[PDB]
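Q: my_file-v4.pdb is the file, holding PDB, C-alpha atoms:
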```
ATOM      1  CA  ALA A   1      -8.685  51.063   8.657  1.00  0.00           C
ATOM      2  CA  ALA A   2      -6.418  50.940  11.797  1.00  0.00           C
ATOM      3  CA  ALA A   3      -5.679  49.172  15.193  1.00  0.00           C
ATOM      4  CA  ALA A   4      -5.951  45.481  14.054  1.00  0.00           C
ATOM      5  CA  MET A   5      -4.239  46.057  10.649  1.00  0.00           C
ATOM      6  CA  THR A   6      -0.702  46.123  12.258  1.00  0.00           C
ATOM      7  CA  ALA A   7      -0.358  42.292  12.243  1.00  0.00           C
ATOM      8  CA  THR A   8      -2.088  40.393   9.316  1.00  0.00           C
ATOM      9  CA  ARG A   9      -5.366  38.471   8.942  1.00  0.00           C
ATOM     10  CA  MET A  10     -11.707  19.813  -0.769  1.00  0.00           C
ATOM     11  CA  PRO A  11     -12.886  16.347  -1.986  1.00  0.00           C
ATOM     12  CA  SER A  12     -10.785  13.108  -1.710  1.00  0.00           C
ATOM     13  CA  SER A  13      -7.166  12.386  -0.568  1.00  0.00           C
ATOM     14  CA  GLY A  14      -7.824   8.592  -0.533  1.00  0.00           C
ATOM     15  CA  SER A  15      -5.459   6.987   2.035  1.00  0.00           C
ATOM     16  CA  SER A  16      -5.506   3.156   2.414  1.00  0.00           C
ATOM     17  CA  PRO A  17      -3.549   1.571   5.406  1.00  0.00           C
ATOM     18  CA  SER A  18      -5.874   2.840   8.335  1.00  0.00           C
ATOM     19  CA  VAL A  19      -5.823   1.543  12.052  1.00  0.00           C
ATOM     20  CA  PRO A  20      -5.189  -2.329  11.771  1.00  0.00           C
ATOM     21  CA  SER A  21      -2.317  -4.561  13.038  1.00  0.00           C
ATOM     22  CA  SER A  22       1.061  -5.529  11.499  1.00  0.00           C
ATOM     23  CA  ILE A  23       1.523  -8.608   9.166  1.00  0.00           C
ATOM     24  CA  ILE A  24       4.186 -11.425   8.720  1.00  0.00           C
ATOM     25  CA  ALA A  25       4.985 -14.355   6.271  1.00  0.00           C
ATOM     26  CA  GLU A  26       6.663 -17.848   5.862  1.00  0.00           C
ATOM     27  CA  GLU A  27       7.451 -20.294   2.901  1.00  0.00           C
ATOM     28  CA  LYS A  28       6.854 -23.932   4.188  1.00  0.00           C
ATOM     29  CA  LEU A  29       3.645 -24.313   2.172  1.00  0.00           C
ATOM     30  CA  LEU A  30       0.904 -26.654   0.851  1.00  0.00           C
ATOM     31  CA  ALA A  31       0.666 -30.376   1.660  1.00  0.00           C
ATOM     32  CA  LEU A  32      -3.131 -29.803   1.738  1.00  0.00           C
ATOM     33  CA  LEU A  33      -4.047 -30.675  -1.841  1.00  0.00           C
ATOM     34  CA  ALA A  34      -3.157 -34.336  -1.083  1.00  0.00           C
ATOM     35  CA  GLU A  35      -5.786 -34.822   1.713  1.00  0.00           C
ATOM     36  CA  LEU A  36      -8.592 -33.640  -0.588  1.00  0.00           C
ATOM     37  CA  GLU A  37      -7.686 -36.789  -2.577  1.00  0.00           C
ATOM     38  CA  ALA A  38      -6.978 -38.906   0.623  1.00  0.00           C
ATOM     39  CA  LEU A  39     -10.453 -38.068   1.950  1.00  0.00           C
ATOM     40  CA  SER A  40     -12.304 -38.771  -1.322  1.00  0.00           C
ATOM     41  CA  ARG A  41     -10.222 -41.991  -1.884  1.00  0.00           C
ATOM     42  CA  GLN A  42     -10.931 -43.394   1.586  1.00  0.00           C
ATOM     43  CA  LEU A  43     -14.597 -42.341   1.215  1.00  0.00           C
ATOM     44  CA  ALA A  44     -14.788 -44.648  -1.821  1.00  0.00           C
ATOM     45  CA  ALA A  45     -13.054 -47.450   0.122  1.00  0.00           C
ATOM     46  CA  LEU A  46     -15.890 -47.220   2.745  1.00  0.00           C
ATOM     47  CA  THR A  47     -18.565 -47.805   0.085  1.00  0.00           C
ATOM     48  CA  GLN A  48     -16.410 -50.457  -1.579  1.00  0.00           C
ATOM     49  CA  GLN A  49     -16.516 -52.599   1.575  1.00  0.00           C
ATOM     50  CA  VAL A  50     -20.165 -51.882   2.314  1.00  0.00           C
ATOM     51  CA  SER A  51     -20.553 -53.551  -1.100  1.00  0.00           C
ATOM     52  CA  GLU A  52     -18.387 -56.465   0.142  1.00  0.00           C
ATOM     53  CA  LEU A  53     -20.905 -57.075   2.937  1.00  0.00           C
ATOM     54  CA  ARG A  54     -23.807 -57.116   0.437  1.00  0.00           C
ATOM     55  CA  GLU A  55     -21.978 -59.232  -2.199  1.00  0.00           C
ATOM     56  CA  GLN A  56     -21.266 -61.891   0.503  1.00  0.00           C
ATOM     57  CA  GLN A  57     -24.761 -61.721   2.131  1.00  0.00           C
ATOM     58  CA  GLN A  58     -26.331 -62.268  -1.345  1.00  0.00           C
ATOM     59  CA  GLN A  59     -24.556 -65.702  -1.615  1.00  0.00           C
TER
ATOM     60  CA  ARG B   1      -3.239  22.395  13.878  1.00  0.00           C
ATOM     61  CA  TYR B   2      -4.719  24.235  10.833  1.00  0.00           C
ATOM     62  CA  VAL B   3      -2.295  26.456   8.884  1.00  0.00           C
ATOM     63  CA  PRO B   4      -2.907  28.496   5.714  1.00  0.00           C
ATOM     64  CA  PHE B   5       0.730  28.339   4.573  1.00  0.00           C
ATOM     65  CA  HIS B   6       2.814  30.301   2.070  1.00  0.00           C
ATOM     66  CA  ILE B   7       6.347  29.212   1.105  1.00  0.00           C
ATOM     67  CA  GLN B   8       9.126  29.858  -1.416  1.00  0.00           C
ATOM     68  CA  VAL B   9      10.820  26.546  -2.547  1.00  0.00           C
ATOM     69  CA  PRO B  10      14.370  26.566  -4.039  1.00  0.00           C
ATOM     70  CA  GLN B  11      15.639  24.619  -7.091  1.00  0.00           C
ATOM     71  CA  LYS B  12      18.081  21.896  -5.879  1.00  0.00           C
ATOM     72  CA  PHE B  13      18.825  20.058  -9.143  1.00  0.00           C
ATOM     73  CA  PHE B  14      22.550  20.499  -9.929  1.00  0.00           C
ATOM     74  CA  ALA B  15      22.328  20.879 -13.723  1.00  0.00           C
ATOM     75  CA  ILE B  16      20.060  23.952 -13.552  1.00  0.00           C
ATOM     76  CA  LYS B  17      20.211  25.539 -10.059  1.00  0.00           C
ATOM     77  CA  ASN B  18      23.124  27.837 -11.124  1.00  0.00           C
ATOM     78  CA  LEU B  19      22.569  27.931 -14.939  1.00  0.00           C
ATOM     79  CA  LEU B  20      22.800  31.411 -16.544  1.00  0.00           C
ATOM     80  CA  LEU B  21      19.845  31.136 -18.925  1.00  0.00           C
ATOM     81  CA  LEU B  22      20.285  33.205 -22.103  1.00  0.00           C
ATOM     82  CA  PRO B  23      17.379  34.893 -23.972  1.00  0.00           C
ATOM     83  CA  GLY B  24      14.485  32.746 -25.202  1.00  0.00           C
ATOM     84  CA  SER B  25      11.197  31.160 -24.084  1.00  0.00           C
ATOM     85  CA  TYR B  26      11.525  27.960 -22.014  1.00  0.00           C
ATOM     86  CA  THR B  27       9.022  25.391 -20.728  1.00  0.00           C
ATOM     87  CA  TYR B  28       9.610  24.852 -17.002  1.00  0.00           C
ATOM     88  CA  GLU B  29       7.562  22.120 -15.247  1.00  0.00           C
ATOM     89  CA  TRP B  30       8.016  20.565 -11.854  1.00  0.00           C
ATOM     90  CA  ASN B  31       6.121  17.915  -9.899  1.00  0.00           C
ATOM     91  CA  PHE B  32       5.356  18.423  -6.151  1.00  0.00           C
ATOM     92  CA  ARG B  33       4.314  15.735  -3.574  1.00  0.00           C
ATOM     93  CA  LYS B  34       1.131  15.503  -1.463  1.00  0.00           C
ATOM     94  CA  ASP B  35       2.350  12.645   0.819  1.00  0.00           C
ATOM     95  CA  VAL B  36       2.439  14.011   4.392  1.00  0.00           C
ATOM     96  CA  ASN B  37       4.976  11.385   5.537  1.00  0.00           C
ATOM     97  CA  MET B  38       7.376  12.775   2.864  1.00  0.00           C
ATOM     98  CA  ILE B  39       6.479  16.472   3.109  1.00  0.00           C
ATOM     99  CA  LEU B  40       6.211  16.902   6.888  1.00  0.00           C
ATOM    100  CA  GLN B  41       8.304  15.748   9.820  1.00  0.00           C
ATOM    101  CA  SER B  42       6.992  14.859  13.276  1.00  0.00           C
ATOM    102  CA  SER B  43       8.961  14.818  16.518  1.00  0.00           C
ATOM    103  CA  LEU B  44       7.719  11.281  17.419  1.00  0.00           C
ATOM    104  CA  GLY B  45       7.992   9.991  13.832  1.00  0.00           C
ATOM    105  CA  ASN B  46       4.384   8.662  13.996  1.00  0.00           C
ATOM    106  CA  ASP B  47       2.478   7.866  10.795  1.00  0.00           C
ATOM    107  CA  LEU B  48       0.665  11.021   9.498  1.00  0.00           C
ATOM    108  CA  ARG B  49      -1.518   9.306   6.825  1.00  0.00           C
ATOM    109  CA  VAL B  50      -3.185   7.656   9.814  1.00  0.00           C
TER
END
```
Translate the structure described by the file into structure tokens.

A:
Amino acid sequence: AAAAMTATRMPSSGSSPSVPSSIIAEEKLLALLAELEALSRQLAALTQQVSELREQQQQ
Amino acid sequence: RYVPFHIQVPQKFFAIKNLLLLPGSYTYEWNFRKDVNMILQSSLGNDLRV
């Protein structure tokens, strides 16, 4: 009634960026698709000359 | 840090903030933000989502 009455008396907000580091970029990209063919070409050339041992030993 | 707030927000849009609206019924909608970086200001300027 008196004394104190003179003054006065959720779910999901879904953030995303959190506490990780900063990020950067560059545009000098992508030789790498050539080596996948270099590697599998030269791999064949190994077997090709293993065959050239065998095809001369068989003579 | 916790504040049950109560505020009166004024209309800033130039075309209507001073318009003398004549008799009739009018739809009046507005959109309000929830983004604390937009809504609040901090002395350090730190991120408030984090």

Q: Could you spell out the hits of the ChimeraX specification (/A :<10) & /B on the shown file, as a list in words?

A: residues 34, 35, 49 and 50 of chain B

Q: For a test of reading the model, state the distance in Å between CA of residue 26 in chain B and CA of residue 38 in chain B, rounded to one decimal.

A: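 A separation of 29.4 Å between them.
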
Q: One number please: CA of residue 4 in chain B to CA of residue 9 in chain A, in Å, one decimal.

A: 10.8 Å

Q: Could you work out an axis-aligned box for range 13-18 of chain A, taking every atom the file lists and adding 6 Å on each side, and report centre and edge lengths in Å to one decimal, as JSON?

A:
```
{"center_x": -5.7, "center_y": 7.0, "center_z": 3.9, "size_x": 16.3, "size_y": 22.8, "size_z": 20.9}
```

Q: Any idea what's packed within 9 Å of residue 47 in chain B, counting all atoms listed in the file, ignoring anything in its chain fewer than 4 positions away? Could you give it as a VMD selection string?

A: chain B and resid 36 to 37 42

Q: Could you dump the residues just selected with C-alpha atoms as a short mmCIF file (atom, residue, chain, number, x, y, z; two decimals), in the coordinates of the input?

A:
```cif
data_model
loop_
_atom_site.label_atom_id
_atom_site.label_comp_id
_atom_site.auth_asym_id
_atom_site.auth_seq_id
_atom_site.Cartn_x
_atom_site.Cartn_y
_atom_site.Cartn_z
CA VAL B 36 2.44 14.01 4.39
CA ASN B 37 4.98 11.38 5.54
CA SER B 42 6.99 14.86 13.28
#
```
